[PDB]
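Structure below is model_16.cif: mmCIF, C-alpha atoms.
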data_my_file
loop_
_atom_site.label_atom_id
_atom_site.label_comp_id
_atom_site.auth_asym_id
_atom_site.auth_seq_id
_atom_site.Cartn_x
_atom_site.Cartn_y
_atom_site.Cartn_z
CA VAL A 18 -95.62 -13.45 206.60
CA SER A 19 -95.98 -14.58 202.98
CA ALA A 20 -96.31 -18.12 201.60
CA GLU A 21 -96.82 -19.78 198.22
CA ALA A 22 -99.53 -22.24 197.24
CA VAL A 23 -97.68 -25.51 196.78
CA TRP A 24 -100.81 -27.08 195.36
CA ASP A 25 -104.27 -25.92 194.35
CA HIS A 26 -106.79 -25.89 197.15
CA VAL A 27 -110.04 -26.42 195.28
CA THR A 28 -113.16 -25.69 197.36
CA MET A 29 -116.83 -26.53 196.70
CA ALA A 30 -117.68 -23.37 198.68
CA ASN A 31 -116.94 -19.68 197.99
CA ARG A 32 -115.96 -18.97 201.59
CA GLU A 33 -112.71 -20.95 201.52
CA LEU A 34 -110.00 -18.89 199.87
CA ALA A 35 -109.38 -20.78 196.62
CA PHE A 36 -106.18 -20.51 194.56
CA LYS A 37 -103.71 -22.06 192.11
CA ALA A 38 -100.12 -23.14 192.72
CA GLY A 39 -98.03 -19.97 192.62
CA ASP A 40 -100.64 -17.55 193.92
CA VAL A 41 -99.03 -15.68 196.83
CA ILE A 42 -101.26 -14.83 199.82
CA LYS A 43 -100.60 -12.42 202.67
CA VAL A 44 -101.08 -13.85 206.14
CA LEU A 45 -102.87 -11.56 208.58
CA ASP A 46 -103.47 -13.72 211.65
CA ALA A 47 -102.38 -17.21 212.61
CA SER A 48 -104.24 -17.88 215.87
CA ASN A 49 -104.60 -21.60 215.09
CA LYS A 50 -101.75 -24.11 214.75
CA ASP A 51 -102.78 -25.27 211.29
CA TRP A 52 -105.26 -22.59 210.21
CA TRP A 53 -104.55 -19.00 209.14
CA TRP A 54 -106.42 -16.18 207.40
CA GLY A 55 -105.15 -15.20 203.96
CA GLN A 56 -105.66 -11.96 202.06
CA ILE A 57 -105.27 -11.75 198.28
CA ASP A 58 -105.47 -8.67 196.01
CA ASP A 59 -109.20 -9.08 195.30
CA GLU A 60 -110.01 -12.41 196.96
CA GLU A 61 -109.97 -12.95 200.71
CA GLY A 62 -110.53 -15.87 203.06
CA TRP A 63 -108.96 -18.64 205.12
CA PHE A 64 -106.60 -21.20 203.67
CA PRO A 65 -105.02 -24.47 204.95
CA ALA A 66 -101.45 -23.88 206.19
CA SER A 67 -100.64 -27.48 205.31
CA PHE A 68 -101.08 -26.72 201.62
CA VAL A 69 -98.60 -23.84 201.42
CA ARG A 70 -94.85 -23.15 201.52
CA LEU A 71 -93.38 -20.43 203.72
CA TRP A 72 -90.60 -18.15 202.51
CA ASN A 106 -77.43 -9.56 205.18
CA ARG A 107 -77.52 -12.20 202.44
CA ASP A 108 -74.84 -14.66 203.58
CA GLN A 109 -76.73 -15.02 206.86
CA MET A 110 -79.86 -15.76 204.82
CA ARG A 111 -78.16 -18.47 202.78
CA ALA A 112 -76.64 -19.99 205.93
CA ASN A 113 -80.09 -20.01 207.51
CA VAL A 114 -81.20 -21.84 204.37
CA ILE A 115 -78.48 -24.48 204.72
CA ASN A 116 -79.80 -25.10 208.24
CA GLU A 117 -83.60 -25.37 207.85
CA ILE A 118 -83.06 -27.74 204.95
CA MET A 119 -80.72 -29.95 206.98
CA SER A 120 -83.41 -29.81 209.69
CA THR A 121 -86.61 -30.47 207.73
CA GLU A 122 -84.89 -33.61 206.41
CA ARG A 123 -83.67 -34.91 209.75
CA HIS A 124 -87.30 -34.27 210.73
CA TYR A 125 -88.78 -36.02 207.68
CA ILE A 126 -86.52 -39.02 208.28
CA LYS A 127 -87.46 -39.45 211.94
CA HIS A 128 -91.03 -39.54 210.65
CA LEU A 129 -90.13 -42.37 208.26
CA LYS A 130 -88.27 -44.15 211.06
CA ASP A 131 -91.28 -43.74 213.32
CA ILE A 132 -93.66 -44.88 210.55
CA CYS A 133 -91.83 -48.12 209.79
CA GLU A 134 -90.73 -48.83 213.38
CA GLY A 135 -94.08 -48.19 215.03
CA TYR A 136 -96.65 -48.87 212.33
CA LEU A 137 -95.17 -51.25 209.76
CA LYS A 138 -93.17 -53.38 212.22
CA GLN A 139 -96.20 -54.00 214.44
CA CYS A 140 -98.63 -54.84 211.62
CA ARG A 141 -96.33 -57.55 210.27
CA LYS A 142 -96.13 -59.14 213.73
CA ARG A 143 -99.92 -59.00 213.89
CA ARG A 144 -100.65 -61.60 211.21
CA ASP A 145 -104.16 -61.87 212.67
CA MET A 146 -105.31 -58.33 211.87
CA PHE A 147 -103.28 -57.54 208.76
CA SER A 148 -102.73 -59.58 205.61
CA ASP A 149 -99.76 -59.12 203.29
CA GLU A 150 -102.17 -57.55 200.80
CA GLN A 151 -103.42 -55.03 203.38
CA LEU A 152 -99.81 -54.18 204.31
CA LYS A 153 -98.67 -53.52 200.73
CA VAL A 154 -101.76 -51.41 200.05
CA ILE A 155 -101.50 -49.15 203.07
CA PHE A 156 -97.72 -48.86 203.16
CA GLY A 157 -96.23 -49.94 199.84
CA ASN A 158 -92.62 -49.07 199.01
CA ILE A 159 -92.57 -46.68 201.98
CA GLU A 160 -89.78 -48.81 203.36
CA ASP A 161 -87.96 -48.46 200.03
CA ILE A 162 -88.04 -44.66 200.39
CA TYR A 163 -86.55 -44.91 203.86
CA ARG A 164 -83.43 -46.74 202.65
CA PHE A 165 -83.13 -44.03 200.03
CA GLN A 166 -83.42 -41.23 202.55
CA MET A 167 -80.76 -42.42 205.00
CA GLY A 168 -78.10 -42.40 202.29
CA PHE A 169 -79.34 -39.09 200.90
CA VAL A 170 -79.17 -37.64 204.39
CA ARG A 171 -75.78 -39.26 204.98
CA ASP A 172 -74.26 -37.60 201.89
CA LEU A 173 -75.71 -34.18 202.74
CA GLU A 174 -74.28 -34.14 206.25
CA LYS A 175 -70.88 -34.70 204.70
CA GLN A 176 -71.34 -31.58 202.56
CA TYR A 177 -72.45 -29.34 205.43
CA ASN A 178 -69.84 -26.82 206.51
CA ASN A 179 -69.73 -26.51 210.31
CA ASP A 180 -67.15 -23.73 210.25
CA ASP A 181 -69.06 -21.54 207.82
CA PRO A 182 -72.55 -23.03 207.23
CA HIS A 183 -73.14 -20.66 204.28
CA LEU A 184 -70.46 -22.38 202.21
CA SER A 185 -72.23 -25.72 202.33
CA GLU A 186 -71.91 -27.06 198.79
CA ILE A 187 -75.04 -29.18 198.56
CA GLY A 188 -76.46 -28.63 195.07
CA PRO A 189 -74.67 -31.83 193.92
CA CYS A 190 -76.04 -34.18 196.59
CA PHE A 191 -79.42 -33.91 194.83
CA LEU A 192 -77.84 -34.37 191.42
CA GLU A 193 -76.31 -37.78 192.18
CA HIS A 194 -79.45 -39.20 193.82
CA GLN A 195 -81.71 -38.00 190.98
CA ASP A 196 -82.64 -41.51 189.82
CA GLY A 197 -83.77 -42.58 193.28
CA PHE A 198 -86.47 -39.92 193.59
CA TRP A 199 -88.53 -41.82 191.02
CA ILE A 200 -89.64 -44.33 193.68
CA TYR A 201 -91.81 -41.51 194.96
CA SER A 202 -93.95 -41.58 191.81
CA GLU A 203 -94.94 -45.19 192.60
CA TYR A 204 -95.89 -44.00 196.09
CA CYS A 205 -98.11 -41.20 194.77
CA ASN A 206 -99.99 -43.47 192.38
CA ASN A 207 -101.09 -45.86 195.12
CA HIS A 208 -101.48 -43.33 197.93
CA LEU A 209 -105.22 -42.92 197.53
CA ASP A 210 -105.61 -46.69 197.75
CA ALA A 211 -103.90 -46.70 201.17
CA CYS A 212 -106.37 -44.06 202.37
CA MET A 213 -109.41 -46.10 201.30
CA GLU A 214 -108.07 -49.16 203.12
CA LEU A 215 -107.14 -46.93 206.06
CA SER A 216 -110.63 -45.46 206.29
CA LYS A 217 -112.12 -48.96 206.05
CA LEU A 218 -110.00 -50.30 208.94
CA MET A 219 -110.42 -47.16 211.07
CA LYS A 220 -114.13 -47.94 211.42
CA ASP A 221 -113.35 -50.97 213.59
CA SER A 222 -112.64 -50.16 217.25
CA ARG A 223 -109.98 -52.88 217.16
CA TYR A 224 -107.92 -51.03 214.56
CA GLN A 225 -108.65 -47.69 216.23
CA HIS A 226 -107.11 -48.59 219.60
CA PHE A 227 -104.35 -50.45 217.74
CA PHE A 228 -103.39 -47.46 215.60
CA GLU A 229 -103.74 -45.18 218.63
CA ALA A 230 -101.51 -47.57 220.61
CA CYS A 231 -98.66 -47.66 218.10
CA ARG A 232 -98.70 -43.86 217.72
CA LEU A 233 -98.11 -43.49 221.46
CA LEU A 234 -95.27 -46.03 221.64
CA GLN A 235 -93.03 -44.55 218.95
CA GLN A 236 -93.70 -41.15 220.51
CA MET A 237 -95.38 -39.28 217.67
CA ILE A 238 -97.68 -36.26 217.79
CA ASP A 239 -101.48 -36.59 217.94
CA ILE A 240 -101.64 -37.03 214.14
CA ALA A 241 -103.18 -40.24 212.76
CA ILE A 242 -101.59 -42.81 210.45
CA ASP A 243 -103.12 -41.56 207.20
CA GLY A 244 -101.60 -38.13 207.84
CA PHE A 245 -98.10 -39.49 208.35
CA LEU A 246 -98.38 -41.53 205.16
CA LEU A 247 -98.86 -38.08 203.64
CA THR A 248 -95.44 -36.61 204.53
CA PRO A 249 -93.45 -38.24 201.68
CA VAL A 250 -95.96 -36.98 199.13
CA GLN A 251 -95.34 -33.66 200.90
CA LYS A 252 -91.53 -33.47 200.90
CA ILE A 253 -90.79 -34.30 197.25
CA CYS A 254 -92.66 -31.06 196.50
CA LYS A 255 -91.06 -29.06 199.29
CA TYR A 256 -87.72 -29.72 197.62
CA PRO A 257 -88.16 -27.32 194.66
CA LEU A 258 -89.11 -24.32 196.81
CA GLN A 259 -86.38 -24.89 199.38
CA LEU A 260 -83.98 -24.81 196.40
CA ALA A 261 -85.37 -21.66 194.78
CA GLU A 262 -84.93 -19.93 198.13
CA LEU A 263 -81.28 -21.03 198.22
CA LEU A 264 -80.75 -19.57 194.76
CA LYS A 265 -81.88 -16.04 195.61
CA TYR A 266 -79.37 -15.65 198.47
CA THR A 267 -76.69 -17.47 196.46
CA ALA A 268 -74.24 -15.52 194.28
CA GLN A 269 -73.09 -16.54 190.79
CA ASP A 270 -69.38 -17.02 191.53
CA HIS A 271 -70.35 -19.37 194.35
CA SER A 272 -68.81 -22.73 193.49
CA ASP A 273 -72.25 -24.06 194.42
CA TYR A 274 -74.33 -21.64 192.35
CA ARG A 275 -74.46 -23.56 189.10
CA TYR A 276 -75.08 -26.72 191.10
CA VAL A 277 -77.86 -25.27 193.24
CA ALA A 278 -79.48 -24.20 190.00
CA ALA A 279 -78.87 -27.67 188.54
CA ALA A 280 -80.65 -29.58 191.32
CA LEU A 281 -83.70 -27.32 191.29
CA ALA A 282 -84.50 -28.12 187.67
CA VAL A 283 -84.13 -31.91 187.87
CA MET A 284 -86.48 -32.36 190.82
CA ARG A 285 -89.05 -30.05 189.29
CA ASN A 286 -89.85 -32.49 186.47
CA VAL A 287 -90.39 -35.37 188.88
CA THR A 288 -92.71 -33.13 190.92
CA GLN A 289 -94.87 -32.14 187.95
CA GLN A 290 -95.16 -35.74 186.76
CA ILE A 291 -96.37 -36.68 190.20
CA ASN A 292 -98.92 -33.81 190.40
CA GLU A 293 -100.71 -33.39 187.11
CA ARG A 294 -101.86 -36.83 188.20
CA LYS A 295 -102.78 -35.54 191.71
CA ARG A 296 -104.31 -32.24 190.69
CA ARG A 297 -106.46 -33.84 187.98
CA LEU A 298 -107.63 -36.73 190.19
CA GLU A 299 -108.93 -34.47 192.97
CA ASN A 300 -110.92 -32.11 190.78
CA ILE A 301 -113.43 -34.86 190.11
CA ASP A 302 -114.68 -35.22 193.69
CA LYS A 303 -115.29 -31.50 194.18
CA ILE A 304 -117.45 -31.43 191.05
CA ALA A 305 -119.95 -34.21 191.76
CA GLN A 306 -119.77 -32.90 195.33
CA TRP A 307 -120.83 -29.49 194.05
CA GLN A 308 -123.58 -30.88 191.78
CA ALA A 309 -125.36 -32.59 194.67
CA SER A 310 -125.42 -29.19 196.39
CA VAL A 311 -127.20 -27.44 193.52
CA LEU A 312 -130.97 -27.37 194.04
CA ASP A 313 -133.41 -28.73 191.47
CA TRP A 314 -130.73 -30.23 189.19
CA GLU A 315 -132.17 -31.01 185.74
CA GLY A 316 -130.23 -33.19 183.30
CA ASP A 317 -127.42 -35.72 183.18
CA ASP A 318 -124.58 -35.52 185.67
CA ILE A 319 -121.78 -33.14 184.70
CA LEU A 320 -119.02 -35.76 184.69
CA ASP A 321 -120.77 -37.61 181.86
CA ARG A 322 -119.26 -35.20 179.31
CA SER A 323 -116.99 -33.05 181.43
CA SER A 324 -114.14 -33.47 183.90
CA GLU A 325 -112.68 -30.00 184.43
CA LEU A 326 -113.95 -26.55 185.46
CA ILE A 327 -112.49 -23.52 183.70
CA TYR A 328 -114.00 -20.26 185.00
CA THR A 329 -116.97 -18.92 186.99
CA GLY A 330 -118.52 -15.58 187.94
CA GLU A 331 -121.59 -13.36 188.06
CA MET A 332 -122.84 -11.88 184.80
CA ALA A 333 -126.04 -10.40 183.40
CA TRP A 334 -127.51 -12.25 180.41
CA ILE A 335 -130.43 -12.05 177.97
CA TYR A 336 -131.70 -15.43 176.76
CA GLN A 337 -133.19 -14.01 173.56
CA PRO A 338 -133.61 -10.61 171.85
CA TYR A 339 -136.23 -8.45 173.60
CA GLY A 340 -136.02 -10.87 176.53
CA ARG A 341 -135.85 -9.98 180.22
CA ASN A 342 -132.50 -9.48 181.92
CA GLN A 343 -131.73 -12.18 184.47
CA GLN A 344 -128.83 -12.00 186.93
CA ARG A 345 -127.19 -15.42 187.03
CA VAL A 346 -123.98 -17.12 188.17
CA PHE A 347 -122.17 -18.88 185.34
CA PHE A 348 -120.01 -22.01 185.51
CA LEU A 349 -117.83 -22.78 182.46
CA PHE A 350 -116.88 -26.45 182.02
CA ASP A 351 -115.13 -28.26 179.18
CA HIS A 352 -117.93 -29.01 176.70
CA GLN A 353 -120.65 -27.16 178.68
CA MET A 354 -121.57 -24.14 180.84
CA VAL A 355 -124.28 -24.37 183.53
CA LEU A 356 -126.07 -21.31 184.98
CA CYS A 357 -127.73 -20.83 188.38
CA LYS A 358 -129.70 -18.40 190.57
CA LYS A 359 -128.60 -17.33 194.06
CA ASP A 360 -131.15 -17.46 196.87
CA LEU A 361 -131.88 -13.80 197.67
CA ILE A 362 -131.34 -14.25 201.41
CA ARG A 363 -129.20 -17.37 201.61
CA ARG A 364 -126.49 -16.17 199.23
CA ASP A 365 -124.76 -19.54 199.38
CA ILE A 366 -127.89 -21.22 197.98
CA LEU A 367 -127.93 -21.90 194.22
CA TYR A 368 -130.83 -23.04 192.02
CA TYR A 369 -130.12 -24.76 188.68
CA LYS A 370 -131.44 -22.60 185.82
CA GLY A 371 -129.84 -24.38 182.84
CA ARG A 372 -126.68 -25.16 180.83
CA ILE A 373 -125.09 -24.18 177.49
CA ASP A 374 -123.29 -26.56 175.12
CA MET A 375 -120.09 -24.82 174.03
CA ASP A 376 -119.51 -27.36 171.25
CA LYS A 377 -122.23 -25.67 169.18
CA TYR A 378 -121.68 -22.09 170.37
CA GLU A 379 -119.15 -19.47 169.30
CA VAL A 380 -117.98 -16.46 171.34
CA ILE A 381 -118.69 -13.19 169.51
CA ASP A 382 -116.71 -10.35 171.11
CA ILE A 383 -119.07 -7.36 171.09
CA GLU A 384 -117.89 -3.74 171.08
CA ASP A 385 -119.37 -1.15 173.44
CA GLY A 386 -122.05 1.25 172.27
CA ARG A 387 -125.42 0.07 170.98
CA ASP A 388 -126.64 -3.35 169.91
CA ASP A 389 -128.72 -4.30 166.87
CA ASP A 390 -132.10 -5.84 167.75
CA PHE A 391 -131.58 -7.38 170.18
CA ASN A 392 -131.77 -3.58 170.43
CA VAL A 393 -130.21 -2.62 173.77
CA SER A 394 -127.31 -0.48 175.04
CA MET A 395 -123.99 -2.09 175.95
CA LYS A 396 -121.00 -1.78 178.28
CA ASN A 397 -118.62 -4.71 178.73
CA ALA A 398 -120.70 -7.24 176.83
CA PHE A 399 -120.08 -10.11 174.45
CA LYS A 400 -122.20 -12.70 172.67
CA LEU A 401 -122.70 -16.43 172.09
CA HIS A 402 -123.78 -17.49 168.60
CA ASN A 403 -124.97 -21.01 167.72
CA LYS A 404 -122.94 -22.69 164.95
CA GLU A 405 -125.78 -24.12 162.84
CA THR A 406 -128.80 -22.15 164.12
CA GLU A 407 -129.67 -18.45 164.44
CA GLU A 408 -129.56 -18.78 168.22
CA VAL A 409 -128.03 -15.87 170.13
CA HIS A 410 -127.39 -14.92 173.77
CA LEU A 411 -126.10 -11.61 175.16
CA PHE A 412 -123.88 -11.34 178.25
CA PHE A 413 -123.02 -8.41 180.50
CA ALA A 414 -120.06 -8.21 182.84
CA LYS A 415 -119.47 -5.25 185.12
CA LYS A 416 -115.72 -4.66 185.04
CA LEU A 417 -113.57 -4.91 181.93
CA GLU A 418 -111.30 -7.20 183.96
CA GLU A 419 -114.16 -9.69 183.96
CA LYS A 420 -115.03 -9.52 180.26
CA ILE A 421 -111.33 -10.15 179.62
CA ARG A 422 -110.98 -12.97 182.14
CA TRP A 423 -114.11 -14.50 180.59
CA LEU A 424 -113.07 -14.14 176.96
CA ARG A 425 -109.80 -15.71 178.08
CA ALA A 426 -111.78 -18.42 179.86
CA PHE A 427 -113.54 -19.34 176.60
CA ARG A 428 -110.27 -19.49 174.65
CA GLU A 429 -109.20 -21.96 177.32
CA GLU A 430 -112.11 -24.40 177.13
CA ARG A 431 -111.66 -24.76 173.37
CA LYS A 432 -107.92 -25.50 173.49
CA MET A 433 -108.69 -28.11 176.14
CA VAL A 434 -111.31 -29.95 174.09
CA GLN A 435 -108.84 -29.68 171.21
CA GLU A 436 -106.08 -30.95 173.46
CA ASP A 437 -108.38 -33.65 174.85
CA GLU A 438 -110.13 -34.96 171.73
CA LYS A 439 -106.77 -34.81 169.97
#

Output the structure of this file as structure tokens.
Amino acid sequence: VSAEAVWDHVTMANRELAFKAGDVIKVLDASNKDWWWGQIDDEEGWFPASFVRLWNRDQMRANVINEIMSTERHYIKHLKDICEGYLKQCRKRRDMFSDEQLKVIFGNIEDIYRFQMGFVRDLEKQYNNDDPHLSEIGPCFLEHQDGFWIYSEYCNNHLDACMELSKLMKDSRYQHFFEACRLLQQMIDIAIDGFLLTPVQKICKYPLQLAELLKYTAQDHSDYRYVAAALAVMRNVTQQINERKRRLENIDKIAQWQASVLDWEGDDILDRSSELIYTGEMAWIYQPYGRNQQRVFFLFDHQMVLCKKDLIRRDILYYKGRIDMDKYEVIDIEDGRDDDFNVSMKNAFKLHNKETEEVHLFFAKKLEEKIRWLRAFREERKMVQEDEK
């Protein structure tokens, strides 16, 4: 099998296979229901199946017309179950839930339901029972394009429904209550906070489902230019929703990571920074004639902290310092022999202070890594430029 990262899966640990939206991983084994081992070209690990999208020709398109019609009848039953079992009971229970609590945890979820019935209704009209592969559906998306914007208001306040859901879950009253409703509407053994997560999950699923329908769709197909037309529109609304969601998450995994680093000296990282750019293992000389230390480098926007692995507990990292990139420039050294300094070089570059005569030498192993790095530095500057600007 082969899937595609829908979203980044940032991880404070090295174990978890980390990746960016688009990275394609190869699935080896899927013993678990919601946990499978992924293999990448150089990286390897286990990823969350919930954060990824699975992948003659007419038969392939027809299959496409069917899964889509099915994932939506599925997604709607979820909405029905959510409002019928969860929202309808909370309102009745004026004694456990205020109007404020209800708006916070649910929101316009009901509003999205109304939208979905009619969007489902129009699609079922377009489906071709005789020859499923002729289903002209591209348009159905194109006429309901202005409705999908209600989702953005649901993504903004989603994390506020989780905080109020985690606060109520602590009480045994709300536990049994939430466990009681889940059993009445006949839902799987997934909680409430996970169901409230399906809408924020489908709006994204839409773009991939469409791309897949465009590969097995031919150009003369009366639907072709429409299938291509619906893909684009959605995409914008999905980016506008993310960029918010990708950026917001990357702040918890940082402070989370900083409390893991031993003997941390200095101000917290989020005081000046708020985004990590690139990390790896490189050899570095603090000053000319100095001793070579093997350290693991972390390149943030505005700064770069360096640490020292525990020799036996490889996952253990000691804090050994940090470099301010605002004052430093990245001199790209050429192989051969260095001037005192006075060492020999292979895949090395340099960091020169802007006002001082301060200099630091770095040594990667592969050329792939000196490139990735020198590209990582070009990235942290455009970001501070893009940020400050």

message = Considering all atoms listed in the file, can you say which of A:241, A:412, A:367, A:128 comes closest to residue 388 of chain A?
response =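 Under the stated criterion, the closest residue is A:412.
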
key: Explicit residue set for the PyMOL selection byres ((chain A and resi 113-117) around 9), as a list in words   =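 Selection result, ordered by chain and number: residues 108, 109, 110, 111, 112, 118, 119, 120, 121, 122, 177, 182, 183, 184, 185, 187, 259, 260, 262, 263 and 266 of chain A.
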
With all atoms of segment 34-51 of chain A from the file as input, state the centre and edge lengths in Å to one decimal of the axis-aligned box that has 8 Å extra on each side, as JSON.
{"center_x": -104.0, "center_y": -18.4, "center_z": 204.0, "size_x": 28.0, "size_y": 29.7, "size_z": 39.8}

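When the PyMOL selection byres ((chain A and resi 276-279) around 9) is evaluated against the file, it yields residues 186, 187, 188, 189, 191, 192, 260, 261, 263, 264, 267, 272, 273, 274, 275, 280, 281, 282 and 283 of chain A.
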
query = Of the candidates A:295, A:383, A:254, A:424, which shows the shortest atom-to-atom distance to residue 327 of chain A, using only C-alpha atoms?
reply =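 Closest residue, counting only C-alpha atoms: A:424.
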
message = Residues near residue 247 of chain A, anyone? I mean within 10 Å using only C-alpha atoms, not counting same-chain ones fewer than 4 positions away, as a ChimeraX atom specification.
response = /A:205,208,212,242-243,251-252

task = Name the residues that the PyMOL selection byres ((chain A and resi 319) around 10) picks from the file above, as a ChimeraX atom specification, using the file's chain letters and numbers.
result = /A:304-305,308,316-318,320-325,350-355

message = Using only C-alpha atoms, which protein or nucleic acid residues come within 10 Å of residue 151 of chain A? Drop anything in the same chain fewer than 6 positions from it, and give the result as a PyMOL selection string.
response = chain A and resi 140+157+211+214-215+218

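Across the model, the gap from atom CA of residue 146 of chain A to atom CA of residue 224 of chain A is 8.2 Å.
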
Compile the contact shell of residue 199 of chain A as a PDB file with C-alpha atoms, in the coordinates of the input: residues with an atom at most 10 Å away, counting only C-alpha atoms, same-chain residues fewer than 3 positions apart removed.
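So the final result, stored in part_27.pdb, reads:
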ATOM      1  CA  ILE A 162     -88.040 -44.660 200.390  1.00  0.00           C
ATOM      2  CA  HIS A 194     -79.450 -39.200 193.820  1.00  0.00           C
ATOM      3  CA  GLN A 195     -81.710 -38.000 190.980  1.00  0.00           C
ATOM      4  CA  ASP A 196     -82.640 -41.510 189.820  1.00  0.00           C
ATOM      5  CA  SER A 202     -93.950 -41.580 191.810  1.00  0.00           C
ATOM      6  CA  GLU A 203     -94.940 -45.190 192.600  1.00  0.00           C
ATOM      7  CA  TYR A 204     -95.890 -44.000 196.090  1.00  0.00           C
ATOM      8  CA  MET A 284     -86.480 -32.360 190.820  1.00  0.00           C
ATOM      9  CA  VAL A 287     -90.390 -35.370 188.880  1.00  0.00           C
ATOM     10  CA  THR A 288     -92.710 -33.130 190.920  1.00  0.00           C
ATOM     11  CA  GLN A 290     -95.160 -35.740 186.760  1.00  0.00           C
ATOM     12  CA  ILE A 291     -96.370 -36.680 190.200  1.00  0.00           C
TER      13      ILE A 291
END
